[PDB]
Trainee: 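Below is a structure I'd like to ask you about.
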Amino acid sequence: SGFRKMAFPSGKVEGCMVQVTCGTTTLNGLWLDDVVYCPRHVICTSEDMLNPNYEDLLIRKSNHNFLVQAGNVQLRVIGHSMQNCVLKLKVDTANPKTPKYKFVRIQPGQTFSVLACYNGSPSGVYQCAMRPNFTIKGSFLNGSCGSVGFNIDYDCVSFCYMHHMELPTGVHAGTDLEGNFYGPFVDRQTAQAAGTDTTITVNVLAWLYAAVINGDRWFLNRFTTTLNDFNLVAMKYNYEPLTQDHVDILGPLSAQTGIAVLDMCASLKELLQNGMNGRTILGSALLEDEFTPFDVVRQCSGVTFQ
Amino acid sequence: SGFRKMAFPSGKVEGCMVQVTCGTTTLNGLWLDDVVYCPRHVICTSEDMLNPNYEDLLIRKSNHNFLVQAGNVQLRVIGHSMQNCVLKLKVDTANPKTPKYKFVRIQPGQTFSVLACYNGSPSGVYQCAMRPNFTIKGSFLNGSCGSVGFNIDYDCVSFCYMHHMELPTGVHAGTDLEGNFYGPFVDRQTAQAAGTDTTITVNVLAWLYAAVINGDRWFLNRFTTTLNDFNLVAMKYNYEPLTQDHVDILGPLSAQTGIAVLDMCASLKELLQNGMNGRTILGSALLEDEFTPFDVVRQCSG
Ligand SMILES: *[C@H](O)[C@H](CC(C)C)NC(=O)[C@H](CC(C)C)NC(=O)[C@H](CC(C)C)NC(=O)OCc1ccccc1
Ligand SMILES: *[C@H](O)[C@H](CC(C)C)NC(=O)[C@H](CC(C)C)NC(=O)[C@H](CC(C)C)NC(=O)OCc1ccccc1
Ligand SMILES: [Cl-]
């Protein structure tokens, strides 16, 4: 037993991380087959990060202006193109370590693992959620751009995030691997602010089921609630509305534990209206909303990735 | 910026994980060079286990009683031996993915990453601290034994932990990679309990420095304290004593932030006695103690 904020094993992704240098700027890229994907702002200049004309800046570049390094091995760039906010650099060498992969655009409330990298070198891994305002609360320093977020299925790596910027408040914004930002953000240093960060109600209920599975039961009560009445309380604490689709995906956890979804909702309502009274749930004093129902089942059943 | 509980990349270790089966018991092994390491209780029988005599149980065992699977490939065991609480299975194939590595013994308060595995395959990775009572708060199910904890330094994988058991309250115990338990525990299903848990004071202070570096400073105050007076408060809240060596170890974080160590101790004292008054620190309502001072420097600066 036990329940931790658990990342995917990162080995498959580590083998795809490379370093891309353009002029003075160095960041990370993702090497899949004969293409390296990286944030296009690697071509920016010191005094042109406010209104960069990326089209004009790239066409004036040549293939040799992009220095791509896979560990100590140089990769010759033999083609370069722009796709939205990411750069597709074609290399003559196909990555022997390319995993079975796909590019996916995740929904708010969904979780993924971030492999933080610097100078093409993986530095650490941690679990993140796409917030309802399309930012993530990560850990990124200068040089971390190009680090990716991902999920794993069976043997297939689903890449969903590439890191581009940090907004004031220490929150992070990025794109999918098609180069399109999550949320309304743009890759220039003009004033931008994230929207309302609400709590992911379906994830909190999943984590409450994880608690029960692992022995924490003090918050269970003999009350029930209607979905209508729960949402009226939820809205007042800036929680996402719980929908029928959310009730459905909580089904399996409800069945494994014998606690009906609306009974767990009654417990969550009580916690919201009265707090924890100095007690803790899975070692937390706050209600955790960065585990999905599938994350809970994944960890509590011990599914592995070959 | 930002501050997260961060694990090491697990790829160097994934390449070392194998499956070991004896009878009907299956767990994980660590394949390094031509040797596979695993907990010795792989050789227990369901109806023994309360009080196994491992010497006696090895009387029967032959090499071929140990089935080792590296992914799909089957490894042939050509020799076995017991060292402390681990088995050393000699196989005829050296692991071509063996990293540069060493075995290290960590001390309470130090942190490490765990790659949780089942049937020799990875499930997930997370960061743990060796508690003062020589347990860790992990996430381990049946079949997870043999999963290892590690750090990565430069290009060297420093293995420090191998999982063996769970005590009630969901706390976890294991050995170093030489086979010697952390703490007073034995690999036997007789009643055992960890000492009462205490908080790793030097780590909380390091995390408070991380908070300042990342912009959270509402808890800084105008008071100071002495090392003695702070430890009077620590003791009453079940915090570990803070020593002059701890103060020294926190020096570099104190110099980076401009906040003397005993001034941060005064902040911590006020948090212990008054709470957070509805506020959070680095997104937490509780004082976090699973980041060492080195962990903070690493994450906040390369
Ligand atoms: C890439 O490695 C790096 C990672 C960050 C964690 C720093 N990102 C950038 O350098 C990025 C480059 C631009 C051209 C996309 N810029 C930012 O992320 C930037 C950082 C601040 C601290 C200057 N933030 C930013 O431009 O946000 C928009 C903004 C501007 C002005 C006021 C408020 C918000
Ligand atoms: C290995 O895969 C597995 C991982 C655990 C997370 C289940 N560990 C064991 O099977 C281990 C084997 C013994 C011989 C060392 N046993 C335990 O860890 C056992 C688990 C419980 C569920 C029985 N713990 C144990 O025996 O703790 C001591 C104890 C015994 C009786 C009463 C209180 C405490
Ligand atoms: Cl908390």
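One-based numbering, in listed order, for ligands and for the atoms of each. Because only heavy atoms are used, hydrogens play no part in the values below, and waters and symmetry mates are left out as well, while side chains stay in. Proteins get letters first, then strands, A, B, ... in listed order; numbering begins at 1 in each.
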Trainee: From atom 26 (O) of ligand 1, work out which of A/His163, A/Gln189, A/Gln192 has a heavy atom at the shortest distance.
Mentor: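 Nearest heavy atom to atom 26 (O) of ligand 1 lies in A/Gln189.
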
Trainee: Any carboxylate oxygen within less than 4.0 angstrom of a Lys/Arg side-chain nitrogen, looking at B/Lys137 and B/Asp197?
Mentor: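 Salt bridge flag = no for B/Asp197 with B/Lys137.
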
Trainee: Is the shortest distance from atom 22 (C) of ligand 1 to a protein heavy atom below 4.0 Å?
Mentor: no

Trainee: Between A/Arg131 and A/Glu290, is the closest basic N to carboxylate O distance under 4.0 Å?
Mentor: yes

Trainee: With heavy atoms only and a cut-off of under 4.0 Å, state how B/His164 meets ligand 2: side chain, backbone, both or neither.
Mentor: backbone

Trainee: What heavy-atom pair brings A/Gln299 and B/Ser139 nearest, and what distance separates the two atoms?
Mentor: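 So the minimum-distance heavy-atom pair works out to OE1-OG, 2.6 Å.
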
Trainee: Does B/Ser144 have a non-hydrogen atom less than 4.0 Å from ligand 2?
Mentor: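 It does, in that a heavy atom of B/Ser144 comes within the 4.0 Å cut-off of ligand 2.
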
Trainee: Which ligand 2 atoms, with their elements, are less than 4.0 angstrom from a heavy-atom of B/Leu167?
Mentor: 27 (O), 28 (C)

Trainee: Atom 33 (C) of ligand 2: which protein heavy atom is closest, and how many Å away?
Mentor: B/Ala191 CA, 3.9 Å

Trainee: I want to know if ligand 2 touches B/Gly143 in the polar sense, i.e. an N/O pair below 3.5 angstrom.
Mentor: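 The answer is yes, given that B/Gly143 and ligand 2 share an N or O pair closer than 3.5 Å.
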
Trainee: So, does B/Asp187 sit close enough to ligand 2 that a heavy atom of it is under 4.0 Å from the ligand?
Mentor: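 For ligand 2, residue contact (heavy atoms, under 4.0 Å) with B/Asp187 is present.
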
Trainee: Below 3.5 angstrom, do we get any N/O pair linking B/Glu166 and ligand 2?
Mentor: yes

Trainee: Would you mind running through ligand 2 and noting each atom that sits below 4.0 Å from a heavy atom of B/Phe140?
Mentor: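 Atoms satisfying the 4.0 Å criterion: 6 (C).
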
Trainee: State whether the shortest distance between N or O atoms of A/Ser1 and N or O atoms of ligand 2 falls below 3.5 angstrom.
Mentor: no

Trainee: Report the part of A/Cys44 (side chain from C-beta onward, or backbone N, CA, C, O) that has a heavy atom under 4.0 Å from ligand 1; answer both or neither where that applies.
Mentor: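 For A/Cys44, there is no contact with ligand 1 at all, from either part.
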
Trainee: Using the ring of B/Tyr126 (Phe, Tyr or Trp, six-membered ring only), decide whether A/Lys5 places NZ or CZ under 6.0 Å from its centre and within 45 degrees of its axis.
Mentor: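 Judged by the rule, A/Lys5 and B/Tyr126 form no cation-pi pair.
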
Trainee: Would you check the N or O atoms of B/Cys145, main chain and side chain alike, for any that come under 3.5 Å of an N or O of ligand 2?
Mentor: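 Yes - when backbone and side-chain N and O of B/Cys145 are compared with those of ligand 2, one distance drops under 3.5 Å.
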
Trainee: Which pair of heavy atoms, one from B/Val36 and one from B/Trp31, lies closest together, and at what distance?
Mentor: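 Here B/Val36 and B/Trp31 meet closest at CG2-CD1, 3.7 Å.
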
Trainee: For the SG atom of A/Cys145 and the CE atom of A/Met165, what is their distance to the nearest 0.5 Å?
Mentor: 8.5 Å

Trainee: Tell me if the aromatic rings of B/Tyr37 and B/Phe159 count as close, with their centers under 6.0 Å from one another.
Mentor: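 Ring centroids of B/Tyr37 and B/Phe159 are no less than 6.0 Å from each other.
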
